[PDB]
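The chain below stands alone and is given as structure tokens, in the form deposited in one PDB entry.
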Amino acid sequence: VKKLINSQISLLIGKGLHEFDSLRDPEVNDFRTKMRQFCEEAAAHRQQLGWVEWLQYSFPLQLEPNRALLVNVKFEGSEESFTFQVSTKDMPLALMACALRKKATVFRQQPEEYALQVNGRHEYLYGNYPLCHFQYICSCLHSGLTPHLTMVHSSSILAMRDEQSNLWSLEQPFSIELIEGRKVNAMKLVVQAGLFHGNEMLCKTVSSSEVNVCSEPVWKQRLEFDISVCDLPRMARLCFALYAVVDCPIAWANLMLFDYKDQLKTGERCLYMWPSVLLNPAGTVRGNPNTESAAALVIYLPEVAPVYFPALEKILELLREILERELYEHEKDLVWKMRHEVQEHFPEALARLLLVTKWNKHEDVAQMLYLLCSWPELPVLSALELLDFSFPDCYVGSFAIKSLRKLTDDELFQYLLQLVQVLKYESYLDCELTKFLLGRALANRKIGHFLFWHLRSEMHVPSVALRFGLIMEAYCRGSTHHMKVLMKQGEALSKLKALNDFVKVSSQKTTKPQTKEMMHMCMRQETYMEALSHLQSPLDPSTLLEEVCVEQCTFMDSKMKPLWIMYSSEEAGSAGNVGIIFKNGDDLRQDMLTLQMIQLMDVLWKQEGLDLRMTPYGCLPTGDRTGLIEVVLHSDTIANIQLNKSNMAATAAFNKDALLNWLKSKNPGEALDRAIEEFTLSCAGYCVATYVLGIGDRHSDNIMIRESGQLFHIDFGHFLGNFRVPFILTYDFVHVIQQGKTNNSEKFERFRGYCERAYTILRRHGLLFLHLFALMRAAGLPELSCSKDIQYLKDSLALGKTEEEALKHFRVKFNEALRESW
């Protein structure tokens, strides 16, 4: 019945749906019901899409940001296949017609009714794009393999779609009654509070009277705040901090002064507080659900009788350029004076205007919101700024989502990590961002995939557990089939957790080979073989993890014993030979963010025609200190290469030549030049990427080389110079760039040219990183917690410099890095 979906969702999110009901909360109850009906509307629209439109849902195109190639094509009900000489500039339609003419001769007797599936994968090639503009063809051309595609008819694609179906009057000062506590401490107890509107204060922070660590301490004091009640903004947020004194932080707690129906909150409130590292504005406005052992304040918010926030209709009724590109009071007031001409001539400066409006005075808010509701939509870049906690107001928030609707699915994917973390800054469950992310997730299954996992990865955190569970529950109402697909993934990871816990215990007692043999026995059980096999990869749902290749599975010797899990496929061939690494015990978010930013750098470089040959490999947290990492096969560490062990192809007279002999052995004869280029390009990319991102602790063990020449980085424990990390040039890579010559300035200075181009391209999108890192502060990443972390980026890119000045400064750091190389 309905009941089976509920128990499946419950298992899928790690939080039973009985628990949502047991709160008796009207906001939860109205989120669930209102978002259920919204996601079910999507699910209906989804099942009546056309077959091409369904491919757009299920397998959205992997596109890149003349010349010949072999393509091998087959038809779905056949092993008999054909090979074709085609051009890289031809459409899929041209190729599909080629296939049908070779079939109509072999079988002796329309291209529009087909889609090319990438063999043994959930990737499809269709639409009016040249072959080399598809990521599969482009990947294939660099790596050198023949494409393997399959003609899938529309009736068979529709068969897939089928089987997935489901007010101003009050001028008194705002005040409270601080009643009492119920907590523990080692002195006297002070309760400082404050009215914040985002980061900014609506008035100074009024303390409570000092009182002894008496219980369960009692106060029964008025606190009177320096602000009229009519001047409270819609997102007025009252923020407490309980600490002790003769500073000693103990707890904190926030709540919105207006409830989710716009009503002002009266009367009594028990705030269940959270422990501390004093006053914490951006902290969540929901209480600690650990009600048993939580320090709890009770307070009263005076009755003033039922007063709702004014409806929008009521609100709407009620030297200049030189600065506009931190400002002084007169400059702020000149920016406010000319607010109408900001709307008319400089609409991209909305943010700076929003940071000069007095949010603690209500006429100014209406005068602002009046400008805001006719304000033209801004570019995607500008809207990512307005999502930050710096702009808490709902109309500004709702305006931002309105300017972000024109995000492409690829862009939305690009920023999905950051957008999810902004859900933590949200004050209420039902919000324009949630609905936006949910509606786009339900319109694109890849977006839907990754939204699920970004949320599912944080259910171990009580502050977001309720929000995230509910969103996940809503998504599942709107995609029964993808729920089941994801359960299969989660069942795989449950088994990997249990197999990894075995491997840890075992490794501490017996030898490496005997633990590996005993891992393989455990995997060869029905329950494991079934669970570990025949799923989609959480790292990339278009990757199919088919036959778990137990022989080649192992574990790595590092402290947490990450498992090495290899998968094969009959239908896919070499594309089906894929590896994943399950790591349990480490917080992979730090890594994931670092790889996504390098991926973005790659995207931004390719958009200016620069292909530095990066390796943007999957990294995805899936659970508490648990996640997956995509295996880049056919690669080894600089450490393992430079070991220089004998009876190998890299038998080297000098350790400087170990890499170059290694590259030689893997790329013999004419192909050595192609790999040194791959190496050089990739070396330059990661050199810049590490310098901008401030990635420290780089040694041979955590730098890998692919057998193509491509270099890339692993293990991102520290970033943004969290030990001012300088540019890193390594002699043995310099040796490879220079083709093993001691003096080869032409090949070396090309590499400086690549590094400089790469560095100047990121400086132009400096604001994109600044905005995206600003939104990431929401995550509570230990090394992304303050302004000096964001200042690192500003200084690494040199964002307040002229392009000429910054390039001069970059070349100092580069020449310094060159000197350091021996």
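C-alpha atoms forming the largest set that superposes within 1.5 Å between two forms make up the rigid core. Counting begins at 1, following the sequence as shown.
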Quiz item: Where the other entries model residues on both sides, is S463 skipped in at least a third?
Solution: no
Quiz item: At least a third of the other compared entries lacking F723?
Solution: yes
Practice problem: Please count the deposited residues lying between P65 and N66 that the model leaves without coordinates, and give the class: none, 1 to 3, 4 to 9, or 10 or more. | Solution: 10 or more
Practice problem: Could you bin the unmodelled part of the deposited chain lying between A305 and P306 as none, 1 to 3, 4 to 9, or 10 or more? | Solution: 1 to 3
Exercise. Would you tell me which stretch averages the higher CA B-factor in the PDB entry, 222-230 or 549-557?
Key: 222-230
Quiz item: Is the mean CA B factor in the deposited entry higher across 264-272 or across 600-608?
Solution: 264-272
Quiz item: Of the choices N254, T480, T626, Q85, which one's C-alpha carries the largest B-factor in the record?
Solution: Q85
Self-check item: Maximum C-alpha temperature factor, selected from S494, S682, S568, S646
Solution: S646
Practice problem: Can you work out whether the C-alpha temperature factor of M35 puts it in the lowest, middle or highest third of the chain? | Solution: middle
Exercise. Quick one: classify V505 as lowest, middle or highest third of the chain based on its Cα B-factor.
Key: lowest
Practice problem: Going by the recorded CA B-factors, say which third of the chain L61 sits in, lowest, middle or highest. | Solution: lowest
Quiz item: C-alpha B factor of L125, ranked within the chain: lowest, middle or highest third?
Solution: lowest
Practice problem: Ordered by C-alpha B-factor within the chain, which third holds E432? Give me lowest, middle or highest, please. | Solution: middle
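Keep in mind that the form deposited in another entry is missing from the display, and what follows is about it.
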Self-check item: Candidates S78, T291, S700, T527 - which moves between this form and the one not shown, C-alpha at least 2 Å, core fixed
Solution: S78
Quiz item: Does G609 show a Cα shift reaching 2 Å between this form and the one not shown after rigid-core superposition?
Solution: no
Quiz item: For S143, is the CA shift between this form and the one not shown at least 2 Å following rigid-core superposition?
Solution: yes
